[PDB]
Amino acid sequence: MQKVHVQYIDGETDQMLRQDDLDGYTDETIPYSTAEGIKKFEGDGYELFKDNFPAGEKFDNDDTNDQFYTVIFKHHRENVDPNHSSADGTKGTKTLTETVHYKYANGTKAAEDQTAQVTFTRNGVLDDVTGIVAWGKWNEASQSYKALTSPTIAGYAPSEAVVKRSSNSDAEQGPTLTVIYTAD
């Protein structure tokens, strides 16, 4: 009897996913199609790259050696929006917070902090096999915080009347700064 092995391969990770064995008679047409196996793996996110099983291939007349044929896949990808989830828990969004403290010259507190927030977004490409999104560059190079008006405190003037700042998309946290109140 002759033997044939059809090997289903992830060609991105060079990993064998399954092997199907068949036996037959010399010169018999190999009674196999890669169609079901291709359908199955495409259902798990793969995309056919190269099917090396030849149409109408016969079993050989070589007892010593088996026949091997690979069916090679890549990972199917699709572009996704910033709101898309990812199996590795990474996100297409981030929100940074600006914090402004209000103090007198000795560091004692003059008023309660005010805060503001900015949000950045990034598109990505989802790998259908892994469920993981490869996120691209942040779409906005920077974002500006809403203007924060320092409170009016009788008898004092703030070092900065209205605080306007921005964050760059590479920042991991927004700015934290102090407005100082000086006596009139």
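In case it trips you up, residue 1 is the first one in the sequence shown, and so on.
Peer 1: Averaging CA B factors per stretch from the PDB record, which one is higher: 150-158 or 131-139?
Peer 2: For C-alpha atoms only, the mean B-factor is higher in 150-158.
Peer 1: Test of understanding: from the entry's C-alpha B-factors, which stretch has the higher mean, 30-38 or 57-65?
Peer 2: Averaged over C-alpha atoms, the B-factors run higher in 57-65.
Peer 1: Of the choices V71, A111, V100, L96, which one's C-alpha carries the largest B-factor in the record?
Peer 2: Each of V71, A111, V100, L96 was compared by C-alpha B-factor; the highest is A111.
Peer 1: Could you tell me which third, lowest, middle or highest, the C-alpha B-factor of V6 occupies within its chain?
Peer 2: Lowest third, going by the recorded CA B-factors of the chain.
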